[PDB]
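Chemist: The structure that follows is given in the form of structure tokens.
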2 protein chains.
Amino acid sequence: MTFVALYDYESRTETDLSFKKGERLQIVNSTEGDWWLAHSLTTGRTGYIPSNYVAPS
Amino acid sequence: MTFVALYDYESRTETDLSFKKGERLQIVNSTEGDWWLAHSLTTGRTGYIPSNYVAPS
């Protein structure tokens, strides 16, 4: 639903949202799901993944 | 803990992780938390936010 920002956040990529402390934010549904920071045991690379693309082992 | 990829995913920014169906992935803890797609009621902009920066209204 609706959240409020506790801190300023400055965007680091083309896809993140910059916002100031106090802003009201609404979660938006997408098919990808929440994103998680993940490490691939298979390739050794690391970065954010769309959680709806994976399942527990 | 440990997850397996259900689908290929091709990275779209400098910070996401590309992976192939079948890869084993491990969640990595960061201070930012999971990332959510959010819309700012305050500014009208939209993009991903670090969930540990916000709290329910």
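Chemist: Please give the number of the condition A:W35 fails out of (1) of a type outside the set (D, E); (2) at positive phi; (3) surrounded by 12 or more Cβ atoms within 10 Å (Cβ to Cβ).
Modeler: Just one mismatch for A:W35, condition (2).
Chemist: Do the conditions hold for B:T13, that is, is it part of a loop (DSSP other than H, G, I, E, B) and facing chain A (nearest Cβ under 7 Å)? If you could, list the steps in order and put the result at the bottom.
Modeler: On the way: part of a loop (DSSP other than H, G, I, E, B): yes; facing chain A (nearest Cβ under 7 Å): yes.
It is true that B:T13 is part of a loop (DSSP other than H, G, I, E, B) and facing chain A (nearest Cβ under 7 Å).
Chemist: When the residues of the stretch A:16-48 are narrowed to those that are charged (D, E, K, R) and facing chain B (nearest Cβ under 7 Å), which ends up farthest from B:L41 (Cα to Cα)? Show your work before the answer.
Modeler: Taking the stretch A:16-48 as the starting set, the residues that turn out to be charged (D, E, K, R) are A:16, A:20-21, A:23-24, A:32, A:34, A:45.
If we keep only those that are facing chain B (nearest Cβ under 7 Å) as well, we get A:16, A:23-24, A:34, A:45.
Working: A:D16: 16, A:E23: 7, A:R24: 6, A:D34: 20, A:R45: 35 Å.
In this case the residue turns out to be A:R45.
Chemist: Another question, then. For the condition among the small types (G, A, S) and more than 14 Å from A:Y48 (Cβ to Cβ), what is the one hit in B:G33, B:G44? Quick ask: steps written out before the conclusion?
Modeler: Numbers: B:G33 fails: more than 14 Å from A:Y48 (Cβ to Cβ).
From the options B:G33, B:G44, the qualifying one is B:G44.
Chemist: If I filter the stretch A:40-57 down to residues being part of a helix (DSSP H, G or I) and in contact with a strand residue (DSSP E or B) (Cβ under 9 Å, 6 or more places away or on another chain), which single residue comes out as surrounded by the most Cβ atoms within 10 Å (Cβ to Cβ)? Before you say what the answer is, go through the steps one by one.
Modeler: Of all residues in the stretch A:40-57, those part of a helix (DSSP H, G or I) come to A:51-53.
Still in the running and in contact with a strand residue (DSSP E or B) (Cβ under 9 Å, 6 or more places away or on another chain): A:51, A:53.
Numbers: A:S51: 17, A:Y53: 19.
It comes out as A:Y53.
Chemist: Name the residues in the stretch B:16-32 that are in a loop (DSSP other than H, G, I, E, B) and surrounded by fewer than 17 Cβ atoms within 10 Å (Cβ to Cβ), would you?
Modeler: Initial filter on the stretch B:16-32 (in a loop (DSSP other than H, G, I, E, B)): B:17-18, B:20-23, B:28-32.
Selection gives B:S18, B:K20, B:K21, B:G22, B:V28, B:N29, B:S30, B:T31, B:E32.
For every residue, the table says whether it meets (1) touching a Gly at 6+ places or on another chain (Cβ under 7 Å); (2) of a type in the set (S, T, N, Q).
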residue	(1), (2)
B:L6	no, no
B:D16	yes, no
B:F19	no, no
B:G22	no, no
B:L25	no, no
B:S30	no, yes
B:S40	no, yes
B:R45	no, no
B:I49	no, no
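Chemist: Name the single residue, out of those in the stretch A:12-37 being small (G, A, S) and over 12 Å from the mean Cα position of the chain (by Cα), that is farthest from B:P56 (Cα to Cα).
Modeler: So in the stretch A:12-37, the residues small (G, A, S) come out as A:18, A:22, A:30, A:33.
Narrowing further to those that are over 12 Å from the mean Cα position of the chain (by Cα): A:18, A:22.
Values: A:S18: 18, A:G22: 12 Å.
By that ranking, first place goes to A:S18.
Neighbour counts run over all protein chains shown; Cβ positions are idealised from the backbone, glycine included. The numbers here are math on the coordinates, done by the rules we state, and not lab data.
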